[PDB]
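For reference, the structure discussed in these notes is given below.
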Amino acid sequence: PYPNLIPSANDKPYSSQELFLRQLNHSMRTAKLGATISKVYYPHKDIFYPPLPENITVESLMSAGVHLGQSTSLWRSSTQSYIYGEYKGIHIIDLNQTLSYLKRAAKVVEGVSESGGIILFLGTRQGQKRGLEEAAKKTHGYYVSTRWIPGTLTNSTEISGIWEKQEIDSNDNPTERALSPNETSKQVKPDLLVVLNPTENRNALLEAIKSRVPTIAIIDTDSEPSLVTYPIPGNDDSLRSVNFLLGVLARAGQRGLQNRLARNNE
Amino acid sequence: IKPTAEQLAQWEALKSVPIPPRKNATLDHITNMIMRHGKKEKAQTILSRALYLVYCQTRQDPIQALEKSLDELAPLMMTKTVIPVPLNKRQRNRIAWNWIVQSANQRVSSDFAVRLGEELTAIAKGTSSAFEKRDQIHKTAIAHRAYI
Amino acid sequence: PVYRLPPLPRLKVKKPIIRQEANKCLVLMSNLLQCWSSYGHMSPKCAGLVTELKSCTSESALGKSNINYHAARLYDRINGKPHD
Amino acid sequence: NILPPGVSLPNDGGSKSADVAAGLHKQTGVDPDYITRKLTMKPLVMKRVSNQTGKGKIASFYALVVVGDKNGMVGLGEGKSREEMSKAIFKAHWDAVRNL
Amino acid sequence: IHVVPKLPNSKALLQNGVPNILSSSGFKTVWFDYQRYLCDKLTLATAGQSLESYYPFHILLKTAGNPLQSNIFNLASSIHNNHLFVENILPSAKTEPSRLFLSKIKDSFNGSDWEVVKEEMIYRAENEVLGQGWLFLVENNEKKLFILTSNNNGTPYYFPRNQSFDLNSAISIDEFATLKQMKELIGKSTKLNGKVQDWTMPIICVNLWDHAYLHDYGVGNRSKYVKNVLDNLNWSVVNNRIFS
Ligand SMILES: [Mg+2]
């Protein structure tokens, strides 16, 4: 439990570490006494307990702030059909269209994960690393959050060719087989690319277009809907909305992975 | 190692004291100014002998008298090309020492130590022409203050 | 009224001006010189100020603008150019 | 023998179509056999283009080629090479295969 | 929304309440009615604020040092203390006092055995706690137990808010000295909030509020209620609360 700890003698008072363990024991048992908190938003849960696509309501999407679009002065008129209206100097996104597009994109992610494809979560804004990493880990996928190197797809040999690759079974179990140099030097291309900030990742979208990689993205009021295969109308500048949508997609991918493993284990 | 009683007592007693100075900065700087050709000991002998005459004719600490003299004679600021500029301790000491050395060289003794010691004795008694030089420098600084 | 500049190649100040603080030694010297100008040289009145100078310059006689960087960094965000 | 751990000399280890097919399969996953067997290339434009520079005039070779399997797939590729025209044709073939 | 915690064996407690201390009607007053009352008041007080996200114990630890939200603190304190009280009187999660707790009482109370200490706690509750209050057996950082009493809603954790001295009446000069040293301890800290460290924890809690005993034991005879509480405690919880 807590090795390399030297308890104190009964005559002497508690030590700092003994006090820490005493307070930990208190916290895990009695600190939570008196009431149970209900109907309160805790940000971390948005990453760790995302809802299923079918359980999402318009109220839940509005609570996450998905509806809040860009300023009316920065409007991209090609996004007219996704807009419910304008309010307080900003455009409001139609959350029913958002719900439909999000369910469709979640089905796409679930199908791709169930087929064993490679899913890449690209988001390069400040505090998006946590959700991206968790989505990649629970979908058995991959993620980028520092910077998208241009040419990562169209120039894969000169960018990603040096990093190591791995053969795996139907159950995602390492086989530890030795790969030939030609096999190691092939391009490994994502089967699905999801972008949280498509406005700042035009290079990735264009590379996916050139390389025929279907792509999902959160299309804000100032973003181009036609640059992506499966747009999701929603707010991309709020971390809560981005994490909510990303958690939904990641849970869909996890469900697909679980279905794949269940079928392989029967 | 566990320090024994004497070692810890020594450590406490000493840490309760400051470190001694290696050298008196002012006296060392004056000596180096007297120095030529790397003959430090000759300069030290000359300076100590002059200070010894200063004591023998004044019977007060001659190191203190020398510093009173350098502090009072030396100009605080000087006009340069025309704006005044402040002077730090070493520059003031150098100017004062040069003024002292001229008046010393004006004296009669064949030994430079005797001339320097008697000049320092006269300065310690408030008798020197270098006060006029200091006054002129300060007057010029006052005249040209506007160009700071 | 508000004036909107065109899409510009850059947003940069030709000569950024920095607020260097005048040295304490210089102003103390100026005050001493004014003291000796009014009361007189080696006057009893302001002699105390001399002591300060004697300390302030004892060790040494005298004892940065990032506007262009931030402007270049932020210009693409704030210029308000039309979409494309 | 003193061979390094991995040699890479295909004749001493102890054309355009083949290299194009191999590099394309390595970089994009295209099938080499289809490229080598089914595709046919005809150079359309072949010229020399020059650039002035303070030290001197620099010459380069431009090639524009069209590839196709004659069954509904056609692609255009352009290649530049300062060294030789053959390398320009190679790059044009590469690009044309990429633009099918 | 702070909600009343669910209790084990809730149906049995509704039917009869805690055996040998409270009847069903009394247990309704002490827990089902009073805890709901306190939780609803805390929710009304703290809704739309940060404090809705924190548990009552973390609320009172946060709010102990600020004068103007004492009401919230009071509610939080009660909402904590009441539950603590309930947990030491629940029929079960016969439980016996542990060897470690007996050793600590013997060592902490100058060799006195546990039962005379129970009688001493009865005496303390009868004497100092005039009206509403809380009684605790608490351990300090020195592994020493002692008996603490709080007037109205007070907390054992933070000694500035112990509320162990009733200033409505007089105070002994020793109590005034204790108050002055306590205030000096508070003032010494360099923190802007003025917080101080106190590692005291409650091992035993008894509810001297009128909600607990008035319906079952009358205006008087509170010491009878305290004796009944102490005799028939749930010793599993009490033993767990101590750290070894
Ligand atoms: Mg945006």
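If you're wondering about the labels, chains in the structure tokens are A, B, ... by order shown, residues count from 1 in each chain, ligands from 1 in order shown.
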
What are the closest atom pairs, with distances in Å to one decimal, for all residues of chain A lying within 7 Å of ligand 1? Consider only C-alpha atoms and all ligand atoms, order rows by chain and residue number, and present the result as a Markdown table.
```
| residue | atom | partner | partner_atom_place_in_ligand_line | distance |
| --- | --- | --- | --- | --- |
| A:70 | CA | ligand 1 | 1 (Mg) | 6.4 |
| A:220 | CA | ligand 1 | 1 (Mg) | 5.7 |
| A:222 | CA | ligand 1 | 1 (Mg) | 6.8 |
| A:235 | CA | ligand 1 | 1 (Mg) | 6.6 |
| A:236 | CA | ligand 1 | 1 (Mg) | 5.1 |
| A:237 | CA | ligand 1 | 1 (Mg) | 4.7 |
```

Members of region 11-123 of chain B assigned alpha helix (DSSP H) by DSSP, as a PyMOL selection string: chain B and resi 11-15+25-34+40-58+62-73+89-105+112-123

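Residue-level contacts from chain C to chain A at 9 Å, counting only C-alpha atoms, read residues 80, 81, 82, 83 and 84 of chain C.
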
Those residues you just picked out, can you put them in a file as a compact mmCIF listing (two decimals), in the first residue's frame with N, CA and C atoms?
```txt
# COMPACT_ATOMS: atom_id res chain seq x y z
N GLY C 80 -9.33 41.72 -38.80
CA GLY C 80 -10.70 41.69 -39.28
C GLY C 80 -10.84 41.55 -40.77
N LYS C 81 -9.98 40.76 -41.41
CA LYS C 81 -10.06 40.58 -42.84
C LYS C 81 -11.25 39.70 -43.21
N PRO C 82 -11.77 39.82 -44.43
CA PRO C 82 -12.87 38.95 -44.85
C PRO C 82 -12.42 37.50 -45.01
N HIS C 83 -13.38 36.59 -44.91
CA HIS C 83 -13.10 35.17 -44.98
C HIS C 83 -12.65 34.77 -46.38
N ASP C 84 -12.25 33.51 -46.51
CA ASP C 84 -11.89 32.92 -47.80
C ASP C 84 -11.73 31.41 -47.67
```

Residues near residue 44 (chain D), cut-off 8 Å, only C-alpha atoms, skip fewer than 4 positions along chain, as a CSV table (one decimal) with C-alpha atoms, in the first residue's frame:
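So the final result, stored in out22.csv, reads:
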```
chain,number,residue,atom,x,y,z
D,63,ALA,CA,8.3,17.8,-68.9
D,64,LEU,CA,4.6,17.5,-69.0
D,65,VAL,CA,3.3,13.9,-69.5
D,66,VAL,CA,-0.1,12.2,-69.6
```

Contacts of residue 101 (chain B) at 9 Å (only C-alpha atoms; same-chain gap of 6+ positions) as a PyMOL selection string: chain B and resi 115-116+119

Resulting file, chosen residues, N, CA and C atoms, as a compact mmCIF listing (two decimals), in the first residue's frame:
```
# COMPACT_ATOMS: atom_id res chain seq x y z
N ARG B 115 59.17 63.74 1.27
CA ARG B 115 58.33 64.76 0.65
C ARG B 115 56.86 64.39 0.75
N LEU B 116 56.53 63.14 0.41
CA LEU B 116 55.14 62.70 0.45
C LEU B 116 54.59 62.72 1.87
N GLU B 119 54.00 66.32 2.92
CA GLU B 119 52.83 66.85 2.22
C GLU B 119 51.55 66.32 2.84
```

Mind running chain E against chain A at 7 Å and telling me each contacting residue's nearest atom pair with the distance in Å (one decimal), counting only C-alpha atoms, chain and number ascending, as a tab-separated table?
```
residue	atom	partner	partner_atom	distance
E:1	CA	A:38	CA	5.3
E:2	CA	A:37	CA	4.9
E:3	CA	A:36	CA	5.2
E:4	CA	A:35	CA	5.2
E:5	CA	A:35	CA	5.1
E:53	CA	A:40	CA	6.5
E:55	CA	A:32	CA	6.1
E:56	CA	A:34	CA	6.1
E:57	CA	A:31	CA	5.8
E:79	CA	A:34	CA	4.8
E:80	CA	A:34	CA	4.4
E:83	CA	A:34	CA	5.3
E:141	CA	A:14	CA	5.9
E:142	CA	A:13	CA	4.1
E:143	CA	A:13	CA	6.2
E:241	CA	A:26	CA	7.0
E:243	CA	A:22	CA	5.7
```

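CA of residue 113 (chain B) is found 17.8 Å from CA of residue 59 (chain B).
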
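You will find CA of residue 176 (chain A) at 20.8 Å from CA of residue 265 (chain A).
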
Contact residues around residue 102 (chain B) with only C-alpha atoms at 12 Å, ignoring same-chain residues under 5 positions, as JSON, numbers by chain: {"B": [95, 96, 97, 107, 112, 115, 116, 119, 120, 128, 129, 130]}

Closest contacts (chain B/chain C, max 7 Å, only C-alpha atoms) as a Markdown table:
```
| residue | atom | partner | partner_atom | distance |
| --- | --- | --- | --- | --- |
| B:86 | CA | C:61 | CA | 5.6 |
| B:87 | CA | C:61 | CA | 5.4 |
| B:88 | CA | C:61 | CA | 4.8 |
| B:89 | CA | C:58 | CA | 5.1 |
| B:142 | CA | C:33 | CA | 5.4 |
| B:145 | CA | C:33 | CA | 6.4 |
```

DSSP-assigned strand (DSSP E or B) members of region 12-122 of chain B, reported as a PyMOL selection string: chain B and resi 77-80+83-86

Since we have the selection now, will you write its residues out, keeping N, CA and C atoms, as a PDB file, in the first residue's frame?
```pdb
ATOM      1  N   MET B  77      32.340  65.444  -8.670  1.00  0.00           N
ATOM      2  CA  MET B  77      32.004  65.355 -10.083  1.00  0.00           C
ATOM      3  C   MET B  77      32.971  66.229 -10.865  1.00  0.00           C
ATOM      4  N   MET B  78      33.103  65.936 -12.156  1.00  0.00           N
ATOM      5  CA  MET B  78      34.035  66.679 -12.994  1.00  0.00           C
ATOM      6  C   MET B  78      33.405  66.930 -14.354  1.00  0.00           C
ATOM      7  N   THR B  79      33.727  68.074 -14.949  1.00  0.00           N
ATOM      8  CA  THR B  79      33.214  68.406 -16.271  1.00  0.00           C
ATOM      9  C   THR B  79      34.069  67.739 -17.340  1.00  0.00           C
ATOM     10  N   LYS B  80      33.412  67.115 -18.315  1.00  0.00           N
ATOM     11  CA  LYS B  80      34.083  66.402 -19.391  1.00  0.00           C
ATOM     12  C   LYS B  80      33.455  66.790 -20.721  1.00  0.00           C
ATOM     13  N   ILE B  83      29.852  68.650 -20.157  1.00  0.00           N
ATOM     14  CA  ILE B  83      28.792  68.241 -19.238  1.00  0.00           C
ATOM     15  C   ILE B  83      29.445  67.718 -17.962  1.00  0.00           C
ATOM     16  N   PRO B  84      28.864  67.940 -16.781  1.00  0.00           N
ATOM     17  CA  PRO B  84      29.377  67.265 -15.579  1.00  0.00           C
ATOM     18  C   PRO B  84      29.114  65.766 -15.634  1.00  0.00           C
ATOM     19  N   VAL B  85      30.012  64.996 -15.027  1.00  0.00           N
ATOM     20  CA  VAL B  85      29.834  63.556 -14.862  1.00  0.00           C
ATOM     21  C   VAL B  85      30.232  63.203 -13.431  1.00  0.00           C
ATOM     22  N   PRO B  86      29.527  62.287 -12.762  1.00  0.00           N
ATOM     23  CA  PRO B  86      29.951  61.875 -11.421  1.00  0.00           C
ATOM     24  C   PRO B  86      31.206  61.021 -11.469  1.00  0.00           C
TER      25      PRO B  86
END
```

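Residues in contact with residue 27 (chain E) at up to 7 Å, not including ones fewer than 4 positions away on its chain and judged by only C-alpha atoms, are residues 17, 18, 22, 23 and 31 of chain E.
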
Just to be explicit: take each residue in the selection above, keep C-alpha atoms, and write the result as a compact mmCIF listing (two decimals), in the first residue's frame.
```txt
# COMPACT_ATOMS: atom_id res chain seq x y z
CA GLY E 17 -35.87 4.38 14.19
CA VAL E 18 -32.59 3.82 15.98
CA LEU E 22 -35.00 7.10 19.35
CA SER E 23 -38.48 6.05 18.36
CA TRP E 31 -32.91 13.00 10.34
```

One-decimal distance in Å that lies between CA of residue 143 (chain A) and CA of residue 203 (chain A): 16.0 Å

Residue neighbourhood residue 215 (chain E), 12 Å, only C-alpha atoms, exclusion window fewer than 2 positions, as a count of residues only: 22

Counting only C-alpha atoms, chain A residues within 8 Å of chain D, as a PyMOL selection string: chain A and resi 154-157+182+185-187
